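Next comes data-v2.pdb, a file with PDB, C-alpha atoms (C1' of nucleotides).
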```pdb
ATOM      1  CA  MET A 404      23.619 -22.082  23.792  1.00  0.00           C
ATOM      2  CA  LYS A 405      19.864 -21.487  23.668  1.00  0.00           C
ATOM      3  CA  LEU A 406      18.847 -17.936  22.776  1.00  0.00           C
ATOM      4  CA  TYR A 407      15.615 -16.057  23.445  1.00  0.00           C
ATOM      5  CA  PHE A 408      13.983 -13.607  21.041  1.00  0.00           C
ATOM      6  CA  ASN A 409      11.039 -11.356  21.889  1.00  0.00           C
ATOM      7  CA  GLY A 410       9.658 -12.457  18.528  1.00  0.00           C
ATOM      8  CA  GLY A 411       7.316 -15.235  17.491  1.00  0.00           C
ATOM      9  CA  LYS A 412       4.099 -16.183  15.736  1.00  0.00           C
ATOM     10  CA  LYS A 413       2.410 -12.930  16.772  1.00  0.00           C
ATOM     11  CA  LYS A 414       5.090 -10.846  15.088  1.00  0.00           C
ATOM     12  CA  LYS A 415       4.831 -13.245  12.151  1.00  0.00           C
ATOM     13  CA  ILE A 416       8.294 -14.692  12.739  1.00  0.00           C
ATOM     14  CA  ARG A 417       9.052 -18.165  11.376  1.00  0.00           C
ATOM     15  CA  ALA A 418      11.897 -20.672  11.688  1.00  0.00           C
ATOM     16  CA  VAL A 419      13.240 -19.465   8.350  1.00  0.00           C
ATOM     17  CA  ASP A 420      13.474 -15.742   9.138  1.00  0.00           C
ATOM     18  CA  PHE A 421      16.051 -16.823  11.703  1.00  0.00           C
ATOM     19  CA  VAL A 422      17.852 -19.492   9.684  1.00  0.00           C
ATOM     20  CA  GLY A 423      18.167 -17.073   6.781  1.00  0.00           C
ATOM     21  CA  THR A 424      19.082 -14.001   8.791  1.00  0.00           C
ATOM     22  CA  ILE A 425      21.777 -15.799  10.790  1.00  0.00           C
ATOM     23  CA  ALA A 426      23.579 -17.910   8.205  1.00  0.00           C
ATOM     24  CA  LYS A 427      24.347 -14.688   6.334  1.00  0.00           C
ATOM     25  CA  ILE A 428      27.005 -13.695   8.856  1.00  0.00           C
ATOM     26  CA  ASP A 429      30.715 -14.049   8.114  1.00  0.00           C
ATOM     27  CA  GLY A 430      31.660 -16.743  10.587  1.00  0.00           C
ATOM     28  CA  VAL A 431      28.492 -18.783  10.887  1.00  0.00           C
ATOM     29  CA  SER A 432      27.080 -21.632   8.812  1.00  0.00           C
ATOM     30  CA  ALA A 433      23.524 -22.983   8.766  1.00  0.00           C
ATOM     31  CA  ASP A 434      24.807 -26.208  10.350  1.00  0.00           C
ATOM     32  CA  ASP A 435      25.508 -24.285  13.549  1.00  0.00           C
ATOM     33  CA  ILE A 436      21.810 -23.662  14.164  1.00  0.00           C
ATOM     34  CA  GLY A 437      20.208 -26.299  16.352  1.00  0.00           C
ATOM     35  CA  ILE A 438      16.554 -26.545  17.266  1.00  0.00           C
ATOM     36  CA  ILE A 439      14.352 -23.530  16.704  1.00  0.00           C
ATOM     37  CA  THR A 440      11.086 -23.235  18.594  1.00  0.00           C
ATOM     38  CA  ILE A 441       8.657 -20.538  17.544  1.00  0.00           C
ATOM     39  CA  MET A 442       6.055 -19.503  20.076  1.00  0.00           C
ATOM     40  CA  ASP A 443       3.506 -16.771  20.700  1.00  0.00           C
ATOM     41  CA  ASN A 444       5.905 -13.925  21.517  1.00  0.00           C
ATOM     42  CA  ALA A 445       9.206 -15.705  21.996  1.00  0.00           C
ATOM     43  CA  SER A 446      11.449 -17.870  19.857  1.00  0.00           C
ATOM     44  CA  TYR A 447      14.008 -20.279  21.209  1.00  0.00           C
ATOM     45  CA  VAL A 448      16.949 -20.877  18.887  1.00  0.00           C
ATOM     46  CA  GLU A 449      19.884 -23.078  19.739  1.00  0.00           C
ATOM     47  CA  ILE A 450      23.435 -22.377  18.611  1.00  0.00           C
ATOM     48  CA  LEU A 451      25.947 -25.186  18.231  1.00  0.00           C
ATOM     49  CA  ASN A 452      29.749 -25.365  18.260  1.00  0.00           C
ATOM     50  CA  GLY A 453      30.225 -22.730  20.965  1.00  0.00           C
ATOM     51  CA  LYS A 454      29.414 -20.032  18.411  1.00  0.00           C
ATOM     52  CA  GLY A 455      26.658 -18.914  20.768  1.00  0.00           C
ATOM     53  CA  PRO A 456      28.046 -15.749  22.407  1.00  0.00           C
ATOM     54  CA  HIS A 457      29.405 -14.472  19.148  1.00  0.00           C
ATOM     55  CA  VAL A 458      26.069 -14.602  17.314  1.00  0.00           C
ATOM     56  CA  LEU A 459      24.348 -13.172  20.380  1.00  0.00           C
ATOM     57  CA  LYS A 460      26.651 -10.144  20.464  1.00  0.00           C
ATOM     58  CA  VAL A 461      25.878  -9.452  16.791  1.00  0.00           C
ATOM     59  CA  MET A 462      22.173 -10.138  16.718  1.00  0.00           C
ATOM     60  CA  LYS A 463      21.745  -7.334  19.280  1.00  0.00           C
ATOM     61  CA  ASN A 464      21.102  -5.012  16.344  1.00  0.00           C
ATOM     62  CA  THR A 465      20.174  -6.771  13.105  1.00  0.00           C
ATOM     63  CA  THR A 466      16.912  -6.633  11.173  1.00  0.00           C
ATOM     64  CA  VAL A 467      15.291 -10.051  11.378  1.00  0.00           C
ATOM     65  CA  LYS A 468      12.245 -10.043   9.115  1.00  0.00           C
ATOM     66  CA  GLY A 469      12.834  -6.297   9.165  1.00  0.00           C
ATOM     67  CA  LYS A 470      12.501  -5.780  12.908  1.00  0.00           C
ATOM     68  CA  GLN A 471      15.341  -5.672  15.435  1.00  0.00           C
ATOM     69  CA  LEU A 472      14.393  -7.459  18.628  1.00  0.00           C
ATOM     70  CA  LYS A 473      15.350  -8.426  22.165  1.00  0.00           C
ATOM     71  CA  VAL A 474      17.863 -11.259  22.072  1.00  0.00           C
ATOM     72  CA  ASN A 475      19.828 -13.012  24.783  1.00  0.00           C
ATOM     73  CA  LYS A 476      20.610 -16.188  26.698  1.00  0.00           C
ATOM     74  CA  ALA A 477      17.450 -18.220  27.305  1.00  0.00           C
ATOM     75  CA  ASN A 478      16.385 -17.597  30.947  1.00  0.00           C
TER      76      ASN A 478
ATOM     77  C1'   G B   1       0.116 -29.099  25.411  1.00  0.00           C
ATOM     78  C1'   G B   2      -5.590 -26.483  24.473  1.00  0.00           C
ATOM     79  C1'   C B   3      -8.694 -21.653  25.211  1.00  0.00           C
ATOM     80  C1'   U B   4      -7.896 -16.512  28.476  1.00  0.00           C
ATOM     81  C1'   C B   5      -4.162 -11.186  29.164  1.00  0.00           C
ATOM     82  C1'   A B   6      -3.394  -6.102  27.765  1.00  0.00           C
ATOM     83  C1'   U B   7      -3.248  -0.124  28.718  1.00  0.00           C
ATOM     84  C1'   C B   8      -1.057   3.380  25.414  1.00  0.00           C
ATOM     85  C1'   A B   9       0.965   5.830  21.305  1.00  0.00           C
ATOM     86  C1'   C B  10       1.094   8.097  16.011  1.00  0.00           C
ATOM     87  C1'   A B  11      -1.841   6.521  12.604  1.00  0.00           C
ATOM     88  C1'   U B  12      -5.965   4.722   9.405  1.00  0.00           C
ATOM     89  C1'   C B  13     -10.754   2.993   8.176  1.00  0.00           C
ATOM     90  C1'   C B  14     -16.303   1.660   8.905  1.00  0.00           C
ATOM     91  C1'   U B  15     -21.275   2.892  10.837  1.00  0.00           C
ATOM     92  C1'   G B  16     -25.636   8.131  12.148  1.00  0.00           C
ATOM     93  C1'   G B  17     -29.656  12.140  12.828  1.00  0.00           C
ATOM     94  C1'   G B  18     -31.087  17.296  11.360  1.00  0.00           C
ATOM     95  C1'   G B  19     -31.678  22.247   8.672  1.00  0.00           C
ATOM     96  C1'   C B  20     -29.984  24.122   3.896  1.00  0.00           C
ATOM     97  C1'   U B  21     -28.282  23.323  -0.764  1.00  0.00           C
ATOM     98  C1'   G B  22     -26.290  20.910  -6.310  1.00  0.00           C
ATOM     99  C1'   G B  23     -28.319  17.504  -9.688  1.00  0.00           C
ATOM    100  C1'   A B  24     -33.098  15.238 -14.985  1.00  0.00           C
ATOM    101  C1'   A B  25     -31.824  11.120 -12.032  1.00  0.00           C
ATOM    102  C1'   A B  26     -28.019   8.261 -10.145  1.00  0.00           C
ATOM    103  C1'   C B  27     -25.293  10.403  -6.454  1.00  0.00           C
ATOM    104  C1'   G B  28     -23.383  14.658  -3.920  1.00  0.00           C
ATOM    105  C1'   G B  29     -21.915  19.144  -1.061  1.00  0.00           C
ATOM    106  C1'   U B  30     -22.142  22.205   3.380  1.00  0.00           C
ATOM    107  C1'   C B  31     -23.121  23.742   8.542  1.00  0.00           C
ATOM    108  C1'   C B  32     -24.938  21.874  13.520  1.00  0.00           C
ATOM    109  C1'   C B  33     -25.145  17.862  16.891  1.00  0.00           C
ATOM    110  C1'   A B  34     -23.266  12.883  17.627  1.00  0.00           C
ATOM    111  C1'   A B  35     -22.644   7.827  19.614  1.00  0.00           C
ATOM    112  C1'   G B  36     -19.721   3.780  19.048  1.00  0.00           C
ATOM    113  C1'   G B  37     -16.465   0.557  16.450  1.00  0.00           C
ATOM    114  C1'   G B  38     -12.381  -2.443  13.081  1.00  0.00           C
ATOM    115  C1'   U B  39      -7.123  -3.157  11.886  1.00  0.00           C
ATOM    116  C1'   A B  40      -8.409 -10.302  12.674  1.00  0.00           C
ATOM    117  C1'   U B  41      -7.764 -16.257  11.659  1.00  0.00           C
ATOM    118  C1'   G B  42      -5.055 -19.847   9.062  1.00  0.00           C
ATOM    119  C1'   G B  43      -1.533 -21.653   5.395  1.00  0.00           C
ATOM    120  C1'   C B  44       3.338 -22.024   3.068  1.00  0.00           C
ATOM    121  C1'   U B  45      11.669 -26.228   2.460  1.00  0.00           C
ATOM    122  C1'   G B  46      14.560 -24.648   8.571  1.00  0.00           C
ATOM    123  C1'   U B  47      19.040 -19.320   3.963  1.00  0.00           C
ATOM    124  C1'   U B  48      15.205 -13.395   6.967  1.00  0.00           C
ATOM    125  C1'   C B  49      12.823  -7.709   5.372  1.00  0.00           C
ATOM    126  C1'   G B  50       7.602 -11.265   2.111  1.00  0.00           C
ATOM    127  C1'   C B  51       3.575 -14.294  -0.674  1.00  0.00           C
ATOM    128  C1'   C B  52      -1.267 -16.347  -0.325  1.00  0.00           C
ATOM    129  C1'   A B  53      -6.201 -17.641   1.328  1.00  0.00           C
ATOM    130  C1'   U B  54     -10.595 -16.750   3.493  1.00  0.00           C
ATOM    131  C1'   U B  55     -14.249 -14.806   6.062  1.00  0.00           C
ATOM    132  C1'   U B  56     -14.100  -7.837   8.516  1.00  0.00           C
ATOM    133  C1'   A B  57     -19.075  -2.774   7.593  1.00  0.00           C
ATOM    134  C1'   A B  58     -13.997  -1.192   8.731  1.00  0.00           C
ATOM    135  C1'   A B  59      -7.724  -6.273   7.434  1.00  0.00           C
ATOM    136  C1'   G B  60      -1.215  -1.236  10.934  1.00  0.00           C
ATOM    137  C1'   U B  61       3.273  -0.025  13.110  1.00  0.00           C
ATOM    138  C1'   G B  62       5.792   0.478  17.750  1.00  0.00           C
ATOM    139  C1'   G B  63       6.636  -0.209  23.778  1.00  0.00           C
ATOM    140  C1'   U B  64       5.992  -5.375  28.548  1.00  0.00           C
ATOM    141  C1'   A B  65       1.305 -15.588  33.994  1.00  0.00           C
ATOM    142  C1'   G B  66      -4.645 -19.761  34.563  1.00  0.00           C
ATOM    143  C1'   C B  67      -9.612 -23.148  33.556  1.00  0.00           C
ATOM    144  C1'   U B  68      -8.824 -28.296  31.313  1.00  0.00           C
ATOM    145  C1'   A B  69      -8.765 -33.502  26.416  1.00  0.00           C
TER     146        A B  69
END
```
Could you take the file, read its structure, and then write that structure out as structure tokens?
Amino acid sequence: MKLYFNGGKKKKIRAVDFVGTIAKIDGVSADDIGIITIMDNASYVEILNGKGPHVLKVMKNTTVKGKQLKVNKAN
RNA sequence: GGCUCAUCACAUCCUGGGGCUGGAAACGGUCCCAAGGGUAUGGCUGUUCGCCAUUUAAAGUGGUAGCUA
């Protein structure tokens, strides 16, 4: 599923900061990450293989680029 | 898909005038009175907490949609 993050170019977030921060979770591989779309204040990042909800309910409180952020289903 | 949003918060930094005073000078101190302002733009192998580059007088952290090639 597509996830929203209140982070983007203006918080100096990049596609990698996600890719790196996510893969390092027992249960998730880098192949599970679909398209990532950085924007001004929001990033879209797609999860594959139904591993969406899990990631989501784990990202809720994890330092990405050293800054926990709003995450949840895109919409 | 191009340019245009903030108000705040704790910071932090840049820019005066005037009496007196230190000092051989260069440069300072002190007291009185200020008025404003900056903290930005862009790069980097799609395994994160950075790195780098300019140009800022002054280069940080946090809270939430319009005019047109």
Closest atom pairs, chain A residues within 10 Å of chain B, all atoms listed in the file, as a Markdown table:
```
| residue | atom | partner | partner_atom | distance |
| --- | --- | --- | --- | --- |
| A:416 | CA | B:48 | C1' | 9.1 |
| A:417 | CA | B:48 | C1' | 8.9 |
| A:418 | CA | B:46 | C1' | 5.7 |
| A:419 | CA | B:46 | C1' | 5.4 |
| A:420 | CA | B:48 | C1' | 3.6 |
| A:421 | CA | B:48 | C1' | 5.9 |
| A:422 | CA | B:47 | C1' | 5.8 |
| A:423 | CA | B:47 | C1' | 3.7 |
| A:424 | CA | B:48 | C1' | 4.3 |
| A:425 | CA | B:48 | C1' | 8.0 |
| A:426 | CA | B:47 | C1' | 6.4 |
| A:427 | CA | B:47 | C1' | 7.4 |
| A:432 | CA | B:47 | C1' | 9.7 |
| A:433 | CA | B:47 | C1' | 7.5 |
| A:436 | CA | B:46 | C1' | 9.2 |
| A:437 | CA | B:46 | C1' | 9.8 |
| A:438 | CA | B:46 | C1' | 9.1 |
| A:439 | CA | B:46 | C1' | 8.2 |
| A:466 | CA | B:49 | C1' | 7.2 |
| A:467 | CA | B:48 | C1' | 5.5 |
| A:468 | CA | B:49 | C1' | 4.4 |
| A:469 | CA | B:49 | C1' | 4.0 |
| A:470 | CA | B:49 | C1' | 7.8 |
```
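When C1' of residue 68 in chain B is paired with CA of residue 478 in chain A, their separation reads 27.4 Å.
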Residue 447 in chain A environment, 6 Å, all atoms listed in the file, sequence neighbours closer than 6 positions dropped, as a list in words: residues 406, 407, 439 and 440 of chain A
Selection dump of the PyMOL selection byres ((chain B and resi 18-22) around 12), as a VMD selection string: chain B and resid 16 to 17 23 27 to 34
Nearest to residue 471 in chain A by atom-to-atom distance, counting only C-alpha atoms (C1' of nucleotides), from B:62, B:36, B:43, B:1: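 Of B:62, B:36, B:43, B:1, the one nearest residue 471 in chain A, counting only C-alpha atoms (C1' of nucleotides), is B:62.
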Nearest to residue 429 in chain A by atom-to-atom distance, counting only C-alpha atoms, from A:450, A:458, A:441, A:404: A:458
Reference answer for the PyMOL selection byres ((chain B and resi 13) around 10), as a ChimeraX atom specification: /B:12,14,38-39,58-59
Could you rebuild range 414-438 of chain A with N, CA, C and O atoms and give me the result as a PDB file, in the frame of the given file?
```pdb
ATOM      1  N   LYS A 414       4.402 -11.844  15.894  1.00  0.00           N
ATOM      2  CA  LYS A 414       5.090 -10.846  15.088  1.00  0.00           C
ATOM      3  C   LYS A 414       5.379 -11.439  13.718  1.00  0.00           C
ATOM      4  O   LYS A 414       6.138 -10.876  12.929  1.00  0.00           O
ATOM      5  N   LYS A 415       4.756 -12.583  13.451  1.00  0.00           N
ATOM      6  CA  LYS A 415       4.831 -13.245  12.151  1.00  0.00           C
ATOM      7  C   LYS A 415       6.227 -13.759  11.831  1.00  0.00           C
ATOM      8  O   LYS A 415       6.609 -13.863  10.666  1.00  0.00           O
ATOM      9  N   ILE A 416       6.979 -14.083  12.878  1.00  0.00           N
ATOM     10  CA  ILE A 416       8.294 -14.692  12.739  1.00  0.00           C
ATOM     11  C   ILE A 416       8.136 -16.185  12.464  1.00  0.00           C
ATOM     12  O   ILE A 416       7.176 -16.810  12.920  1.00  0.00           O
ATOM     13  N   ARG A 417       9.073 -16.748  11.711  1.00  0.00           N
ATOM     14  CA  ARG A 417       9.052 -18.165  11.376  1.00  0.00           C
ATOM     15  C   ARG A 417      10.466 -18.719  11.441  1.00  0.00           C
ATOM     16  O   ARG A 417      11.433 -17.955  11.410  1.00  0.00           O
ATOM     17  N   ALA A 418      10.588 -20.041  11.521  1.00  0.00           N
ATOM     18  CA  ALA A 418      11.897 -20.672  11.688  1.00  0.00           C
ATOM     19  C   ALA A 418      12.895 -20.159  10.658  1.00  0.00           C
ATOM     20  O   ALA A 418      14.078 -19.997  10.945  1.00  0.00           O
ATOM     21  N   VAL A 419      12.399 -19.888   9.459  1.00  0.00           N
ATOM     22  CA  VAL A 419      13.240 -19.465   8.350  1.00  0.00           C
ATOM     23  C   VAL A 419      13.847 -18.084   8.573  1.00  0.00           C
ATOM     24  O   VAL A 419      15.054 -17.905   8.442  1.00  0.00           O
ATOM     25  N   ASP A 420      13.011 -17.110   8.915  1.00  0.00           N
ATOM     26  CA  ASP A 420      13.474 -15.742   9.138  1.00  0.00           C
ATOM     27  C   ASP A 420      14.736 -15.713  10.006  1.00  0.00           C
ATOM     28  O   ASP A 420      15.597 -14.847   9.848  1.00  0.00           O
ATOM     29  N   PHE A 421      14.834 -16.661  10.931  1.00  0.00           N
ATOM     30  CA  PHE A 421      16.051 -16.823  11.703  1.00  0.00           C
ATOM     31  C   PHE A 421      17.119 -17.451  10.824  1.00  0.00           C
ATOM     32  O   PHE A 421      18.094 -16.798  10.453  1.00  0.00           O
ATOM     33  N   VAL A 422      16.914 -18.726  10.496  1.00  0.00           N
ATOM     34  CA  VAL A 422      17.852 -19.492   9.684  1.00  0.00           C
ATOM     35  C   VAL A 422      18.497 -18.630   8.608  1.00  0.00           C
ATOM     36  O   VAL A 422      19.719 -18.575   8.493  1.00  0.00           O
ATOM     37  N   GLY A 423      17.670 -17.944   7.826  1.00  0.00           N
ATOM     38  CA  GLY A 423      18.167 -17.073   6.781  1.00  0.00           C
ATOM     39  C   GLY A 423      18.973 -15.897   7.300  1.00  0.00           C
ATOM     40  O   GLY A 423      20.053 -15.603   6.793  1.00  0.00           O
ATOM     41  N   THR A 424      18.458 -15.226   8.323  1.00  0.00           N
ATOM     42  CA  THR A 424      19.082 -14.001   8.791  1.00  0.00           C
ATOM     43  C   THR A 424      20.414 -14.261   9.496  1.00  0.00           C
ATOM     44  O   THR A 424      21.270 -13.376   9.570  1.00  0.00           O
ATOM     45  N   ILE A 425      20.591 -15.476  10.003  1.00  0.00           N
ATOM     46  CA  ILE A 425      21.777 -15.799  10.790  1.00  0.00           C
ATOM     47  C   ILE A 425      22.912 -16.322   9.924  1.00  0.00           C
ATOM     48  O   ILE A 425      24.047 -15.855  10.019  1.00  0.00           O
ATOM     49  N   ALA A 426      22.597 -17.307   9.092  1.00  0.00           N
ATOM     50  CA  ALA A 426      23.579 -17.910   8.205  1.00  0.00           C
ATOM     51  C   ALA A 426      24.380 -16.845   7.463  1.00  0.00           C
ATOM     52  O   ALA A 426      25.594 -16.975   7.285  1.00  0.00           O
ATOM     53  N   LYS A 427      23.696 -15.785   7.042  1.00  0.00           N
ATOM     54  CA  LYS A 427      24.347 -14.688   6.334  1.00  0.00           C
ATOM     55  C   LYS A 427      25.206 -13.808   7.248  1.00  0.00           C
ATOM     56  O   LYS A 427      25.121 -12.579   7.206  1.00  0.00           O
ATOM     57  N   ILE A 428      26.031 -14.439   8.070  1.00  0.00           N
ATOM     58  CA  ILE A 428      27.005 -13.695   8.856  1.00  0.00           C
ATOM     59  C   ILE A 428      28.384 -14.345   8.750  1.00  0.00           C
ATOM     60  O   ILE A 428      28.560 -15.523   9.073  1.00  0.00           O
ATOM     61  N   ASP A 429      29.350 -13.565   8.273  1.00  0.00           N
ATOM     62  CA  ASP A 429      30.715 -14.049   8.114  1.00  0.00           C
ATOM     63  C   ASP A 429      31.218 -14.684   9.404  1.00  0.00           C
ATOM     64  O   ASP A 429      31.640 -13.998  10.338  1.00  0.00           O
ATOM     65  N   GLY A 430      31.152 -16.008   9.450  1.00  0.00           N
ATOM     66  CA  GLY A 430      31.660 -16.743  10.587  1.00  0.00           C
ATOM     67  C   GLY A 430      30.737 -17.872  10.974  1.00  0.00           C
ATOM     68  O   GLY A 430      31.128 -18.775  11.715  1.00  0.00           O
ATOM     69  N   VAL A 431      29.510 -17.828  10.465  1.00  0.00           N
ATOM     70  CA  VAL A 431      28.492 -18.783  10.887  1.00  0.00           C
ATOM     71  C   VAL A 431      27.827 -19.494   9.715  1.00  0.00           C
ATOM     72  O   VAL A 431      27.421 -18.867   8.729  1.00  0.00           O
ATOM     73  N   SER A 432      27.729 -20.815   9.832  1.00  0.00           N
ATOM     74  CA  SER A 432      27.080 -21.632   8.812  1.00  0.00           C
ATOM     75  C   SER A 432      25.737 -22.126   9.333  1.00  0.00           C
ATOM     76  O   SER A 432      25.511 -22.164  10.540  1.00  0.00           O
ATOM     77  N   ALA A 433      24.858 -22.511   8.414  1.00  0.00           N
ATOM     78  CA  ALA A 433      23.524 -22.983   8.766  1.00  0.00           C
ATOM     79  C   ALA A 433      23.528 -24.287   9.569  1.00  0.00           C
ATOM     80  O   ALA A 433      22.492 -24.701  10.098  1.00  0.00           O
ATOM     81  N   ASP A 434      24.690 -24.932   9.654  1.00  0.00           N
ATOM     82  CA  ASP A 434      24.807 -26.208  10.350  1.00  0.00           C
ATOM     83  C   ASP A 434      25.002 -25.968  11.830  1.00  0.00           C
ATOM     84  O   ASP A 434      24.931 -26.897  12.635  1.00  0.00           O
ATOM     85  N   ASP A 435      25.253 -24.707  12.172  1.00  0.00           N
ATOM     86  CA  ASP A 435      25.508 -24.285  13.549  1.00  0.00           C
ATOM     87  C   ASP A 435      24.217 -24.008  14.313  1.00  0.00           C
ATOM     88  O   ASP A 435      24.228 -23.846  15.538  1.00  0.00           O
ATOM     89  N   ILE A 436      23.112 -23.943  13.579  1.00  0.00           N
ATOM     90  CA  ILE A 436      21.810 -23.662  14.164  1.00  0.00           C
ATOM     91  C   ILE A 436      21.091 -24.942  14.552  1.00  0.00           C
ATOM     92  O   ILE A 436      20.738 -25.752  13.697  1.00  0.00           O
ATOM     93  N   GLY A 437      20.870 -25.116  15.848  1.00  0.00           N
ATOM     94  CA  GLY A 437      20.208 -26.299  16.352  1.00  0.00           C
ATOM     95  C   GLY A 437      18.709 -26.145  16.244  1.00  0.00           C
ATOM     96  O   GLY A 437      18.198 -25.584  15.273  1.00  0.00           O
ATOM     97  N   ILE A 438      18.001 -26.640  17.249  1.00  0.00           N
ATOM     98  CA  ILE A 438      16.554 -26.545  17.266  1.00  0.00           C
ATOM     99  C   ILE A 438      16.092 -25.101  17.355  1.00  0.00           C
ATOM    100  O   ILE A 438      16.686 -24.285  18.060  1.00  0.00           O
TER     101      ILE A 438
END
```
